[PDB]
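Participant: Provided herewith is a single structure, encoded as structure tokens, for subsequent inquiry.
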Amino acid sequence: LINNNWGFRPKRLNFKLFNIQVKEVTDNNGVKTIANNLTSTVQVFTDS
Amino acid sequence: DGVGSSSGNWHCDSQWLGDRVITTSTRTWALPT
Amino acid sequence: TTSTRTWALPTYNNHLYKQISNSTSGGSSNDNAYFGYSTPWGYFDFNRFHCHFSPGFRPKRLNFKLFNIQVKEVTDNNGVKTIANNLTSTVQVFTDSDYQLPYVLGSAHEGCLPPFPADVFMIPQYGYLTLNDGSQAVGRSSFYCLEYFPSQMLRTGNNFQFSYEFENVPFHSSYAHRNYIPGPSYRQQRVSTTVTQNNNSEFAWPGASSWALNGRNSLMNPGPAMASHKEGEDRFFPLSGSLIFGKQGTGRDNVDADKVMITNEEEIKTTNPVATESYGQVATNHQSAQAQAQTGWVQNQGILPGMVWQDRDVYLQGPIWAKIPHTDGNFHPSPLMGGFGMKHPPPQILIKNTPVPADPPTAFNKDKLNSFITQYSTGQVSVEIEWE
Amino acid sequence: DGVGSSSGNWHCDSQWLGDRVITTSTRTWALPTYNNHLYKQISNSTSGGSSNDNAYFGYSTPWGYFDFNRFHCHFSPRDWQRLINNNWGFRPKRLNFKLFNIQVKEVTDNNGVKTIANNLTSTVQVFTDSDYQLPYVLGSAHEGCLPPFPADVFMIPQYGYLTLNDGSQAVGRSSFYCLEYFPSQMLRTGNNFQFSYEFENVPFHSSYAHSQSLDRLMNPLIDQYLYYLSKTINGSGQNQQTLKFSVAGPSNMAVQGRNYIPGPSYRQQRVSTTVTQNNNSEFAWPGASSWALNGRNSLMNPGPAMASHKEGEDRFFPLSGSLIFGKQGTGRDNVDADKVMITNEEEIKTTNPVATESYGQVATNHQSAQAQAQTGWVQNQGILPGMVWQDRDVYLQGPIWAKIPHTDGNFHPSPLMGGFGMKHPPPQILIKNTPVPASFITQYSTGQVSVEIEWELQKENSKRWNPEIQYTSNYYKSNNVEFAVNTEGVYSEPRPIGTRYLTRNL
Amino acid sequence: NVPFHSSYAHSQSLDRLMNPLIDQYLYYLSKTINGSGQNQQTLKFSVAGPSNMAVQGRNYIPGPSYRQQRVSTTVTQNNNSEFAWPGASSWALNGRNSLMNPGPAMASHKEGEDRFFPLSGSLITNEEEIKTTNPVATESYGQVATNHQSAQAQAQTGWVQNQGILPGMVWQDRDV
Amino acid sequence: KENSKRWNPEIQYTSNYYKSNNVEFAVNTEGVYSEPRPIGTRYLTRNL
Amino acid sequence: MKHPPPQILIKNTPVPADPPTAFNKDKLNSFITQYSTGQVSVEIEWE
Amino acid sequence: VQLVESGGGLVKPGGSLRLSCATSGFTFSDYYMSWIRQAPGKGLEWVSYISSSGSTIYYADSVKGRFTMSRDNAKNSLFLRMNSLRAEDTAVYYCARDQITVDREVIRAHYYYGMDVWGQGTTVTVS
Amino acid sequence: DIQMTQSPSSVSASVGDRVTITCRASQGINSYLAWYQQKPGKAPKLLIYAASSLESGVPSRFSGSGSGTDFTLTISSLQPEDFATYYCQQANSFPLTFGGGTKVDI
Ligand SMILES: [Ca+2]
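Chains as they are written, first to last, in the authors' numbering: chain A, 301 to 348; chain B, 219 to 251; chain C, 241 to 295, 307 to 428, 476 to 686; chain D, 219 to 656, 669 to 736; chain E, 419 to 541, 560 to 612; chain F, 689 to 736; chain G, 640 to 686; chain H, 21 to 147; chain I, 23 to 128.
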């Protein structure tokens, strides 16, 4: 870009969120375990 | 969709075609509480 | 032909790309100096004949399938290890169909799909080399991040497939046989399987035929295609002339001669010179009344108009194809270890497990995550090939 | 069309469009009368012919010819930089030539002063040989090319050719060509001349350097399944013979089996830039690698394409292996080393042998309990099946094309001085002043010549993560700027510019 | 489909293809020492031109060679020994040595010597027509450097008896 | 796009060629990625 | 103005003197003494 | 362009001393570097010469076999390591660079035009 | 190795005078000669390189000529700044050697 151009500027943005995984960290005594929580959700919004 | 089906693919690429460049970046993130 | 195998893919380098060189392995020798990178990715190699064949011709079409993805997480508590399914994890796979990555499938490496269909094989780790000066790198050296290529991501229900069409190559000759003359020769040293006939000195490296490239000496292996020995002498084989296969269970270093299978290229005697023998003689002077006619031996001979030759034979254990390097010129591109030369060979198939980080801290830290869940994947791989 | 109407314009620009480049160059020329309108037999005898290697027989002609065969004729230093940084390959496609604005002149001399005037009725004969019937001298890398700087006015070189010789004498097979015996167009001050030429299909010149070496193509992480002979003895002592086979792997990369080998070599003698390392004797001619033809020795120049030196030895160069250009204003004979520019062929080290090194070793005997294993050095190696190589690089000052000599056979016709080999190259363009009899009137012509070439480009799709090596002007204060005129108006090319910067996988 | 047989003789030689009237723009190494005596070392460069035509850069080189022993039609010039078989160029195939006949296409003899002929390179027909692009069957193809020169060691050359194909070679086939 | 008529070559961002322990804009032996210097956008030239 | 009235460049095309009659490599430094004259007219519409 | 020598010190004969040259203002890899010393009240004397790459190094006969010249391209610096220092090694040591910049395309001697840029220098006294 | 000689060893002059310093080599060094001026407590400066070429920044008055064995350094219309020691070094071949030096004297 720098070597062969006098100028640049952004035009379009495209965003994607995918393959969400929600882990739960159950801890018993001094040992910590990680497992899938399949029913959990993730809240995501953009402020437009 | 479902637990055992991927909801997206990995897309890291740069395309040069005339006066336009299309950059694409995919990363892996971790979100705590 | 159609093959199906079961594979297991671990996590290499703990999701990291790492510079490697002979400084990392402690190798002092200059001929063995190298510079490169190791990648977290694995790759599939069916390039050996046994993968597609059980115990003239040429390939035509190719069909590859990757399915039954099973991703396992591993937890270790005290002595015991617990393995569990991770149903939401993905496995990444892509092919290089633009041939933009360094092509390591023509070097006769291991990690090929097992010849016996019930064997479960481990996918080999992908790495490449670049230009090096000693152990260091030069400014012409290139670094490749495979995460920079788009790839399909597969959970346990997803599958992957693609098909490839072999480019036109001549039929491999599988037969055994003035206006024409025999082909070129680059002489190999003659070693005898009866040890008492051999000189009592170490000549493995010192007496070997080599070629020098940028101050480094590469052994000539296997070398140009030449008959192993003259008719009637089966106890001699070229030092670097023929392909040597190990028997089942053969050790890594310094195995006895009975552990290896030394192939012979006896069939090509009809059109090719003997590897351990001089090509012929040439006049070294102008004779005269005072000067006798003198001759000298041709130890190495290049192409001459009117030469004919046979290529090197292929074996059940040998490689199938190679990638012709991209160069201004080449002659008779057929690879020297045997098989079909191709400018666009079957594309490399790259695979890795997508990293799943462990619990991140509750306060923001800018460093990349070095803590991950111990994890691996396994599945079924099928390759279908049409032969002519 | 008219005496007072111009027959052409000055078109001098380069257009970059997608995958192709169109270069257009216009220059101003002057054509003298050569040999006083005569064809004259020439030989080493006229030259004095001290040696048989320099013996020749031929003819000098009154005709001149146009030579645009150098890269600088059509490319500016900026255009060349644009091309070599952004592209893996290029090659010529079409050729458009124009000869216009003819101005014949008559020179009259009285006493000590010569007066020049227009001759409006004189003609200028121009023709091209498109059937290739005349000897082709454009592939010999001669002077008389269109000047790199467009503001320079250049003198057209005299045409001449050589035929079969015996010493200075000719033979019955020697040929004589009358260029008057060709049909040709005749141009007055209003006439113009143009033609179009189609380059025949050639491979793209490879403007890149490999990022891998032929011997490192392996996966560094994985063993081969091949074995090599590790040990021929168990240890020190009598009757220690044994056979031991290690597997080839990352630790030992030299022994591994490989599918391809580097290209052919014809060894050159190496000469160090620092002279006190050189031998105190005259070896320019006696130590040179040569080839003999019909009893005449010819230096091997530049020879097969090979690396100029090994890594870490920048000072050394092949004796006749590389292209050596002149700096601006350099004398003709016995110039100092600072005066010339010795090109470097290091970019091809990855796949080609070093010009000053042996190709390798071969076994010279059969070993036995009596006889040790003996290896000799390979000074020259012809083509072997399984070789790959790079052609010699092209330079901004270098030639573009050559004519493939018409023969029953050839191998890899790509010319040894670099560029594009062709069976039908751009045709020679011949020009002379039509004689005006007075014994003739002293006469010369002046003109405008324009040549346009279409170039095809090969872009890189490369996935390399780190930045490339690029050709760049150095940013530092200097009395002059590179590739520009000085205070006295003299354009100069300070350095040769290779074409290989970008990288590819091997 | 076959190529047309060539039934012509080149009117030019491979080394004379240059314009005799014009210098090259390329330099060669003319002089490695200033004068007689110790510690004289220097690199001088000259333009290749009409006066010296051996050092000019050329795009193409003559074809491959496999040398034949030179035999004279004048019996007293030849050596007084039986060298028909012993001094003949041959190739070995599976232990059996075969004489090289006629061999690669090469000029029978140099210009000016018609009494000599290749020992096994002649069908006695003359192949002198193809000398323009082809090396003489009884001559070495050329010289190569055999060593790295240095202040201690003189530059050493050696004769090329046989030369395989190189990129940039051109040659003529044998005449009918 | 840059459509300059400048005769002499530009200044271009380039990777230096010299033997070095690490490759610029690459990972080291430990796999750490690093950007060696800050790269500006201004190389090509224009008239004022 | 970002795009003002463009520069108009003019020179006399060099006409060389008699060449040396034997080929020389150098550019020609000997020219015929020359100059040119003409009529120039410029029209501008003002608002 | 600037060259700054450091690491000069007073040491007993047979001692080992390391000198450094920090360079700024020019590309380090484009030039060949040379150490030059000047004994007090005497003319300058050339010491060692190193290639841009650092692959090739030359030395004066007097300092040969005891002095090592090194080059670090990544962090611009030039180093001279002096072992077995003897009595007459006392000099002001100068860091200098060749006027001719290294050009990859051509093969030439870079020391023909001399050394245009010189550092202030570091004093070295042996006693 | 090649040795260099400068005559006179030292020279005294007034401002505006013309000063000539001459050094010659034991063996021919082509045109590869460099002239250096040094002031006490300071590093040497390159005035002339390759016999007749003047280093940038250096004043017009400084000049140089000669080839082969004999070389000459000329100062015309000498200034106050000009008084120092001058060294000539042959850059032909290793080891680089310097002349004894000439000290211009006020
Ligand atoms: Ca180059």
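From the three backbone atoms N, C-alpha and C, an ideal C-beta is built for every residue, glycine too.
Which residue's Cα is closest to the Cα of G600/D: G481/D, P571/D, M518/D?
Facilitator: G481/D
Participant: For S507/D, which option in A587/E, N583/E, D609/E has the closest C-alpha, if you only look at C-alpha atoms?
Facilitator: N583/E
Participant: Where do the N-terminal and C-terminal ends of the alpha helix (DSSP H) with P536/D fall, by residue?
Facilitator: Counting along the chain, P536/D falls outside any alpha helix (DSSP H), though it belongs to the beta strand (DSSP E) covering 534 to 536.
Participant: For ligand 1, I want to know if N570/D counts as a neighbour, meaning its beta carbon is within less than 6 angstroms of at least one of the ligand's heavy atoms.
Facilitator: For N570/D, the shortest separation between its Cβ and any heavy atom of ligand 1 does not lie below 6 angstroms.
Participant: If the cut is a Cβ gap below 7 angstroms, which residues of chain F does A94/H touch?
Facilitator: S708
Participant: Look at the alpha carbon of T568/E and the alpha carbon of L356/C, and state the distance between them as a whole number of angstroms.
Facilitator: 47 angstroms
Participant: In angstroms with no decimal places, state the Cα-to-Cα distance between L736/F and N227/D.
Facilitator: 30 angstroms
Participant: Is the beta carbon of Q376/D sitting closer than 7 angstroms to the one on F662/G?
Facilitator: Contact: yes.
Participant: Name the two residues that bound the continuous alpha helix (DSSP H) containing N304/D.
Facilitator: 295 to 304
Participant: Run through the DSSP bridge pairs and tell me what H360/C is partnered with.
Facilitator: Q442/D
Participant: Give the DSSP-derived three-state secondary structure of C45/I in the structure shown.
Facilitator: If DSSP states are grouped into helix, strand and coil, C45/I belongs with the strands.
Participant: When a residue counts only if its C-beta is closer than 7 angstroms to some heavy atom of ligand 1, which residues count, in chain order?
Facilitator: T561/D, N562/D, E563/D, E564/D, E565/D, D611/D, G728/D, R730/D, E125/H
Participant: Verify the CB distance criterion: does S74/I have a CB-CB separation below 7 angstroms to chain D?
Facilitator: Taking a beta-carbon distance threshold of 7 angstroms, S74/I does not count as an interface residue toward chain D.
Participant: Quick check: is the beta carbon of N515/C nearer than 7 angstroms to any beta carbon in chain A?
Facilitator: Cβ-Cβ to chain A under 7 angstroms: no for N515/C.
Participant: Could you pull out every residue in the same chain whose Cβ sits closer than 6 angstroms to the Cβ of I43/I, ignoring the five residues on either side in sequence?
Facilitator: Cβ neighbours of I43/I beyond the five flanking positions: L95, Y108, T124.
Participant: Out of curiosity, what's the CA-to-CA distance linking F275/D and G266/D?
Facilitator: 12 angstroms
Participant: For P480/E, list the residues DSSP reports as bridge partners.
Facilitator: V606/E
Participant: Whose CA, out of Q585/C, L352/C, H360/C, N651/C, lies closest to the CA of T494/E?
Facilitator: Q585/C
Participant: Hey, quick one: how far does the alpha helix (DSSP H) through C291/D stretch, first residue to last?
Facilitator: 289 to 292
Participant: In terms of residues, what are the limits of the alpha helix (DSSP H) holding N651/C?
Facilitator: Unbroken run through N651/C is the beta strand (DSSP E), 646 to 651; no alpha helix (DSSP H).
Participant: At what residues does the alpha helix (DSSP H) containing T264/D begin and finish?
Facilitator: Its alpha helix (DSSP H) spans residues 262 to 265.
Participant: Grab the span of the beta strand (DSSP E) containing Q579/D for me, first residue to last.
Facilitator: 578 to 581
Participant: Taking Cβ-Cβ distances below 9 angstroms as the criterion, which residues of the region 315 to 330 of chain C are in contact with chain A?
Facilitator: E324, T326, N328, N329
Participant: So which residues on chain E does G267/C lean against when the C-beta distance must stay under 7 angstroms?
Facilitator: Within 7 angstroms Cβ-Cβ: nothing; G267/C doesn't reach chain E, min ~27 angstroms.
Participant: If distances are taken between C-alpha atoms only, which option among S224/D, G547/D, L537/D comes closest to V720/D?
Facilitator: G547/D
Participant: With 16 as the cutoff for other CB atoms within 10 Å, does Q673/C come out buried or exposed?
Facilitator: Classification of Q673/C: buried, given that the 10 Å Cβ count is 16 or more.
Participant: Measuring straight from C-alpha to C-alpha, what distance separates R610/E and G604/D?
Facilitator: 28 angstroms
Participant: Buried or exposed, going by whether 16 or more other CB atoms sit within 10 Å of the CB of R312/C?
Facilitator: Counting Cβ neighbours within 10 Å, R312/C comes out exposed, since fewer than 16 surround it.
Participant: Does the region 409 to 421 of chain C touch the region 317 to 333 of chain C, meaning 3 or more C-beta pairs lie closer than 8 angstroms?
Facilitator: Flag = yes, the region 317 to 333 of chain C and the region 409 to 421 of chain C touch.
Participant: Could you pull out every residue in the same chain whose Cβ sits closer than 8 angstroms to the Cβ of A523/E, ignoring the five residues on either side in sequence?
Facilitator: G481, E563, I566, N570, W607, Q608, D609, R610
Participant: Candidates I479/E, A502/E, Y484/E: which alpha carbon is nearest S490/E's?
Facilitator: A502/E
Participant: Using a 10 Å radius around the Cβ and a threshold of 16 neighbouring Cβ atoms, would you call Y705/D buried or exposed?
Facilitator: When all chains shown are included, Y705/D counts as exposed.
Participant: What number of angstroms, rounded off, separates the C-alpha of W57/I from the C-alpha of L68/I?
Facilitator: 6 angstroms
Participant: So which residues of chain C does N303/A contact, with C-beta pairs closer than 8 angstroms?
Facilitator: Under the 8 angstroms cutoff, chain C gives no residues; its nearest Cβ is about 16 angstroms from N303/A.
Participant: Find the nearest neighbour of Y445/D within the set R391/C, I542/C, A591/C, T676/C, judged by alpha-carbon distance.
Facilitator: In terms of Cα proximity to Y445/D, the closest of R391/C, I542/C, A591/C, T676/C is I542/C.
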